[PDB]
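**Q** sequence, then the experimental structure. Questions to follow.
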Amino acid sequence: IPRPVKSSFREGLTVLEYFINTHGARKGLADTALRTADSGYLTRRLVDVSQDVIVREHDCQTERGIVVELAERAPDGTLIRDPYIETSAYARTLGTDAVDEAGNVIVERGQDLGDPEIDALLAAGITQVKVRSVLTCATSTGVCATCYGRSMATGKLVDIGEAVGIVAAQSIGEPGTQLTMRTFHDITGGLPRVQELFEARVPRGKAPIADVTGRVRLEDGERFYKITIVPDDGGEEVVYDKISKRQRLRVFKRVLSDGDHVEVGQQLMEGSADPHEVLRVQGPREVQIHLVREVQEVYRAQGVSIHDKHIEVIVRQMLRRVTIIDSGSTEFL
Amino acid sequence: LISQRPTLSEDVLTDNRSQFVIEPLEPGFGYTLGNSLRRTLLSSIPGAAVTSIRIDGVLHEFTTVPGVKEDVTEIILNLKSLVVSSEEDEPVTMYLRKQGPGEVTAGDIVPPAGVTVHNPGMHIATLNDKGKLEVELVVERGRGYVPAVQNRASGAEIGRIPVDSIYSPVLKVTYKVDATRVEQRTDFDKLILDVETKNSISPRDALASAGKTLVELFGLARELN
Amino acid sequence: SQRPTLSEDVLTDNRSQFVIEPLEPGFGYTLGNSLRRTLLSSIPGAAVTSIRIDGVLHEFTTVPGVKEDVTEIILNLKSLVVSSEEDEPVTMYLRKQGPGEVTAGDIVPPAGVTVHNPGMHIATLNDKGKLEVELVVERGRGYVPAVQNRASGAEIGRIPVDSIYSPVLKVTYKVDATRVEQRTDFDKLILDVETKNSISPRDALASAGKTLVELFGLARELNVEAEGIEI
Amino acid sequence: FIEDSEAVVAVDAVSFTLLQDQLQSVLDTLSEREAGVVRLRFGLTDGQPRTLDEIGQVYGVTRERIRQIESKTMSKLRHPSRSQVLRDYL
Amino acid sequence: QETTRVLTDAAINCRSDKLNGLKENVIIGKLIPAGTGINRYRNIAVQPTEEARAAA
Amino acid sequence: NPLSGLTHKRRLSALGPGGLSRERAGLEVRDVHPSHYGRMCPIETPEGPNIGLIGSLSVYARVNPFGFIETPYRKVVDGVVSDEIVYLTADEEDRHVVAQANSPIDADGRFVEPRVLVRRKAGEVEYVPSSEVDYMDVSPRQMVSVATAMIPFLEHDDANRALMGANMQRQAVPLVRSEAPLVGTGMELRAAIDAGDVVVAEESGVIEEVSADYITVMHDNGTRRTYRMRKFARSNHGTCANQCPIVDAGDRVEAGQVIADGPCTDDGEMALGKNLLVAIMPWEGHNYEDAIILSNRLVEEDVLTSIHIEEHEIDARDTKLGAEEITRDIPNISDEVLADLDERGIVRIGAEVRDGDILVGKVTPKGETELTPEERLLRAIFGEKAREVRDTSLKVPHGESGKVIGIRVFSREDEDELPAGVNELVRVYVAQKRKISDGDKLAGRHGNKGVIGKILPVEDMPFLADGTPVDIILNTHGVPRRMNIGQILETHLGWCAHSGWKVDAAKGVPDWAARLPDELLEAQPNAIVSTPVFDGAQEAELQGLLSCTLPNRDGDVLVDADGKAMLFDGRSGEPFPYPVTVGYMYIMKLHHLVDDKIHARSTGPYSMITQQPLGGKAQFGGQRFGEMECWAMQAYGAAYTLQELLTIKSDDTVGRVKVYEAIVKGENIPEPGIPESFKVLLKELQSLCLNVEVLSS
Amino acid sequence: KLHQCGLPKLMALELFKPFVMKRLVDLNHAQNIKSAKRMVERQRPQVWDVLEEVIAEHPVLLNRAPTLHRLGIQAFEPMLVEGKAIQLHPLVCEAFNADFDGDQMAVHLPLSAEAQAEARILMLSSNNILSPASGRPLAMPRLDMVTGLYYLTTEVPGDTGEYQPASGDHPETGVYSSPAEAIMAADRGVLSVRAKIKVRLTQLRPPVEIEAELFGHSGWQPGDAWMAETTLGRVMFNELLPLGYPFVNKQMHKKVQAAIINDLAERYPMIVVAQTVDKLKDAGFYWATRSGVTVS
Amino acid sequence: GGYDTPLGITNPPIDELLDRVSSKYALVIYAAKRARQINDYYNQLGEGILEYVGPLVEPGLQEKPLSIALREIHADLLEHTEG
RNA sequence: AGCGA
Ligand SMILES: [Mg+2]
Ligand SMILES: [Zn+2]
């Protein structure tokens, strides 16, 4: 309202100013009620999704696992701590070891990786560690123990009967409610965004992504844009057909300029794209990283601490099945 | 070192409320003594009060009496403000009869021996030509606060009207201190306490009873060897 | 309607834990705080008031010939249990030549005054130093700050210190809700008294009770034939 | 909201269990012949209430003999010491 | 969800449930296969130690 | 309460037949379109799942014969504000342009400043020159409802908490004393005499005869009239409805005058609570997170107490075996409990009853059922009759007591209207005097609700330097983050009104007091004051009044200019190191009392088709251990407790009695069987020609 | 206490009716079970003393709907309370999302030995401190207790009884031989609770730097002595934490307290964590009273 | 380890219990089965003597069998084999 | 059908 109100509640509001405040008050309250319904519904669905993730074995004894960002490098050159480490690194078990400058091992395989040890790694001057996760646990039915890392409730290693799937369900779906969406209007971020991301519904505001590296063939067509990717091998130019001018180009590091070299799956515009497409381009690893980073982006935006292993359980449940394109000669439609 | 033991002087202000002054007192102590005495007077001075009544024309408490302006529960609330002092511990009964129009003051009550009413001028009810109020009041000793004892717990009849009882003769207590604290370290506190009783017993008697009460619970800690 | 009791749980040689139970709701707070203040500010005791030292006139940082510094010596002497009978401020001297550790037995007391922990470290001396310090000790009550020197320079070497006259050091308390049903929510008082090794907490508490019963018999002696609460 | 007024009382079940235990105890307190006669008279052994002729037949005596037995035993049972433990069960 | 269709097509397939999940052991009231229900913990043999047994 | 009686009328509901149910009544219709101003209050609306669907009519609103809502306005012609009140609907409101009442009118109809605040058609807000204004608001507080209009200092409170306060002001309960509030609005007298529950002298005259039952008025022309009272009548929510007269036999009354106070009324005006001394300091954590602490003085002096009346009923009806009879010849029961019953069943009036006692001796035939041998021999030994008529007398339900006010008995013998197959209907009215107990709900007039954490003795309470204990202690932390300092201003102004002031205008009038009305330059102790909602006490005026607050009895200005005072801790004794806010605040007792909520069940009634325990406090029932609770348990991994809660506490029909037997005998709990809903499910599936079977391996 | 909870006796007497029935039959107070049941119904006063005995050591569950997450249900040891309102420990309010504006809770009752063990070991309050989500403490002191601890540990320059080294005419007048002496001087109107003084401690562990300075490697505290320039309030605040914990000497912001409790829970046993959080609660309330946080 | 003495439901300290067994779920079943053995011992005392034995640690005045079992666990007076 | 969190 462009008036705007100009009286503190100590001074006592005037009639019209109070009448204006009533709008926002009632709107917020009704939104609270409806969103509470929605969040309960999301928790309901997730619980059934992750009802069968229960720790069975003590150790799957694999060697695959994810890498963690863990205090990326400074330009002038230091170890500036990554702000979101407590959610992404702690309570994890290493599959590999920490060695640097052909030196000695720092942390050996399979350690809880708590505060003293992270302090040791940052002192020694390493940035990336390959750590286990529930995404690559090789057990048949449910995760092993060492993949799930420290149980965030006990402070000790998770037990061999825990229903970590439902624990993650409640942790993810509990801190809804206090989840007011973004202040901005076509922009979409909030509990609806979380819901669509888990639902895998192609985001309504799809932001086209790349398909191969090379420089960009940029053009501003009739009342909207026309982009194309120049291949490098090359091959067929992926020509992006209609790109409405109601969007923006992606700014990173500078705005997207013509001739700039793009990645294989670089996001061309600014927005979001279908996890289906980023799958078919950059594989299960990239989709899992994308999903965890996106969801944690919202929960960070509201300043809520959720360890990434819960989301990892859920996405592990997401990425189980495969599709049959050729039957071979056996029983698969 | 001060080797002078404290005294206690008095100051009468009105008939019912008075001031007590105690000096000298070792520093950092007057507030504590004042609070202890206050908690004593305002909690555990034995007194007496009306416990139950019985109006002839009523069967219970939530009814009306023909003729009187007020109702039975309003009468209950009015008598609950009564102040009475007994002498013996057996529950005694005082009567009240009134016929015809007029206000019904506490002075119309005829008490038996030992018990006395300390304010005849209280408005209890008001009557008219059709009015007729006849009621008995059980008066009992005790201390502190007690809710209304149950009819079924006792062997009372249906005409009994229990009433919550407040055995306390003190109305308001306060105090202050004037700590001299001269730099030469001959420091001493001066407790100036103020009592206001509800015309039941003199403040002197109230404080004397409190002082007696604050010898028992410390005889506990004293009697060891 | 019930007689309260008193029993103690001896934790250390001088550290007790008294329990009084059950009381009328609420008498635990009526008497616990009063008892605390009595314990802390009614048991007569004694302590050092000031000290003067040879070799130090205004360089109040360190003493020549020793290791420890002036304030350390001061607050070591401050925690010194002593008993006295002579009311006037009496003077003691602790003097020692040669290198070595000066204990609390080095001081030679005059008649009447006594030290209750002679085997206590105070100072260290090095390289044929001689430390000679004069204590002035007297008796009192409660706690006094470091009294400012009333005289300007009558005793130029005399510097004042605090005086922990109170024998007991640390007393707290709390209440409980024992037996809410058949007694209708009575109270229980817990005391945690700590004392130096001059007197036992038991005797300390008994003396505090004596002082309090006198102080409330003061009020009692107005209408002796006054009815109250009786047990 | 349809309360099952006809249903398990959930207390009278165990109450009757303990009742029966107490009756077996009390009957053991008395003579064995008297106890068996009462058990057959009131059907405590099979649920079939045996009558005077049947019990006199199974004991080889006459129905008036057993009626005297029954009257004396019931008079014994009405004596409060044998009934203080059963009075509260009503 | 889609209860009618799920039940009917399951009936055609004669698809037998193995009750290996959780919500099913909740529905039939049997111990759930999580926490204190899994056989690693539900079949614990507990006995007094021989030394203290002799001492008893 | 009378306010709720008023406010349930005038209520606007958008859900109904030919209306939008909550399914279709989405958010879109729940907002406050700018056309609601003066026609529908934006504040009051239920906080539940009806926000905006149910509102209340504005104060001055009127109904267009065509069902629209007309609103009064003061028309202004050529900058001269007339008094011709024209009623406009929303269409004409949009057409024209509307000014504000709180504008500088220069005593001639003429505005002062040309740039005047105004509203345009689309809800826009502008500064029009003072020539185009053709309509101006009749007054402030035109956009607010009835109940909300009674909240003092409303303009300071946030909309959310003001809405809460309005929704709770209707939930007070009638106390036995009903003292009027110190600080109020104008809407305590009008919203009282228009509520209906106050007797009003129809036409002027003098008083002939007064009583606790009736008042006889002698009109100036011959005729007399007897106003009958309503004493101790039960309301629709079990609260008292006493009416007590306020006049004297010799008084003269005029038409339209209050003549007898109603339930929550005092000397004519609304009294929804009591004026209590309040301190705003956090005390020992007991007032932690909206909790409240009261003094024992409220319990003792009966300040907060509510009379409650419950209605029990029973019908002697016809049956197949015969006819049911109300009587005294009940089956096995000692004559000890038959002392209260009258000669013919029902209890004597006034006899106190406890839970499980008898009220109506009533017996019904049971026919012939062969007895178990054990009870047969018990009857043989104890000589007890079969009493073929089983007994289902009226027993007062669990956890209730109190006196028996009235007994209303019907009969077929009196040829009263009874339904078919019913011989004799009787109702008994029990009543209790519920005193304020910890866990009950108290609230101010600003939505600052709270349960009662604890009722301390009177001595362990922070008392002023004058020995007067505070009566309730609110929490500080709830004030700033809830944006309802209206309570703080109310507290300050209440202390001012309680003590009485005197602005010493020795040299003219002080600066702050220039625009105060006359006869406000001084006031008496316990003097009542009112601040209309949107034109009320200014902050400067409040500072000025608090500055001079003439002393109580000695020379003691207990509360300084700041509005705080030095409190002494009643428990320990030492003074608090910082001054603490104290004042007089008006608070109300809400109808969410612990006695109406506490509930328990060990074993009670059971459902019919499913064998689950029943539901509701009307019955015993148990608590629905719902799906999310199941999830919590699974996450913990407490499989055995889950099994227990879902098999042998709800549905294992043969397992429940075995568990009870084991518990009484001291044995172990048995292993659960199979749930009953599961077997029901199996039977329906097999009824659907679906072969469901269990297979071993 | 953290593992305790209130329970209105007129509710427990119904919850544990079979247990109390059995026990007061055992004590010969009732000739049989039915008479014992009638005794419980009529509430003859000895039923309460037997009720205490049955209640002792038998946990109950406290559900609050909506049960958003795993800590919506927790197991407490019940204790009998006058009145009709369940007394809930203030420090599970965070877990339950329960403000006292009139919210209601459900008391359940485990029966079998297995259920009792599950409640005792898994669902006990003191055994569930941290979040299941991020491991942060939810028994962390909040709101009013945080305010109290802030006022206790904050430092005010230019307060009464500071430590100044001014010399020549008089000594420093800031040192204090023991926290007992400091507390006594605080009871007297000399020492403010938030003045900067130099105390000599003997029962608290100095920070790492002072430890490595004075003792280097193995300075044990219970006998060692060391001086520290801190505030009396902070000494009292470090008295609550266990002995092994170093000194803190900071201003107790909520984040600082969260860090302290997190470190304590990760390094020390759960029972120690429970006792220290209880102590923090008590101190927080007691010194929130004195802070004088009012609104005028 | 210098904790203050527990009281009531929390004696013995659970952390000092968890070192005896693998996980708290094993602890739970361990204690529950021992408590059931104790209850069976108390029920089967009137008749002849059978395989059951206990309580092995001296109980209190009126102490619950589950508490007795947990104190026995803390005393290291039993053993168990998992599944 | 109405209502509280
Ligand atoms: Mg709430
Ligand atoms: Zn794994």
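**A** Yep, that arrived. Numbers count the residues shown, from 1 in each chain, chains lettered A, B, ... in the order given. Ligands and ions are numbered 1, 2, ... in the order given.
**Q** where's residue H:12, which helix or strand?
**A** Assessed by DSSP states H and E, residue H:12 sits outside every helix and strand.
**Q** quick one: residues contacting it.
**A** Neighbouring residues of residue H:12 by CB atoms under 8 Å, 6 or more residues apart in numbering or on different chains: H:6, H:70, H:71, H:73, H:74. In short, each C-beta sits where N, CA and C put it, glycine included.
**Q** ok, 7 Å please
**A** H:70, H:71, H:74 (CB atoms under 7 Å, 6 or more residues apart in numbering or on different chains).
**Q** now the strands for chain H?
**A** For chain H, the strands defined by DSSP state E occupy H:78-81.
**Q** in it, which residue is most central in space?
**A** residue H:69 (1.3 Å; CA atoms, centre = their mean).
**Q** just to check, it is in contact with residue H:31?
**A** Yes. Shown here, residue H:69 and residue H:31 form a contact pair, counting by CB atoms under 7 Å, at 4.8 Å.
**Q** count of neighbours near the closest residue in space to residue D:43 that isn't next to it in sequence?
**A** Nearest residue to residue D:43, sequence neighbours excluded (CB to CB, 6 or more residues apart in numbering or on different chains): residue D:49, at 3.9 Å. A count of neighbours around residue D:49, defined by other CB atoms under 10 Å in any protein chain shown, yields 13.
**Q** phi first, then psi, for residue D:49.
**A** Recorded main-chain torsions at residue D:49 are phi -70, psi 110, according to degrees, to the nearest 10.
**Q** would you agree residue F:454 falls within a strand?
**A** Yes. Assigned with DSSP: H, G, I helix; E, B strand; the rest coil, residue F:454 falls within a strand.
**Q** so what's the residue count around it?
**A** Per other CB under 10 Å, the neighbour tally for residue F:454 reads 18.
**Q** what bridges to it?
**A** For residue F:454, the beta-bridge partners under DSSP bridges are residue F:293.
**Q** nearest to chain H: which residue in chain D?
**A** Nearest residue of chain D to chain H, counting by CB to the nearest CB: residue D:21, 13.7 Å away.
**Q** helix, strand or coil for that residue?
**A** Here residue D:21 is helix, with the state taken from three-state DSSP.
**Q** so how far is residue A:141 from it?
**A** The gap separating residue D:21 from residue A:141 is 52 Å, by CB to CB, to the nearest Å.
**Q** do the same with residue B:37
**A** Residue B:37 is 75 Å from residue A:141, by CB to CB.
**Q** out of these two, which sits in the busier spot?
**A** Between residue B:37 and residue A:141, residue B:37 has the larger neighbour count (other CB under 10 Å), namely 25 against 10.
**Q** hang on, isn't the more buried one packed against residue B:210?
**A** Yes. Proximity of residue B:37 to residue B:210 meets the contact threshold set by CB under 7 Å, at 6.2 Å.
**Q** helices of the chain, start to end?
**A** In the absence of a named chain, this looks at chain A. Assigned by DSSP state H, chain A shows helices spanning A:15-49, A:115-124, A:164-173, A:191-199, A:275-301, A:308-318.
**Q** that's the other chain; I wanted chain G
**A** For chain G, the helices defined by DSSP H occupy G:9-15, G:17-26, G:33-42, G:46-55, G:93-96, G:113-121, G:143-153, G:179-187, G:208-214, G:232-240, G:254-267, G:270-290.
**Q** chain B: which of the ones you listed is closest?
**A** Comparing the helices of chain G by CB to the nearest CB, helix G:179-187 comes nearest, at 6.5 Å.
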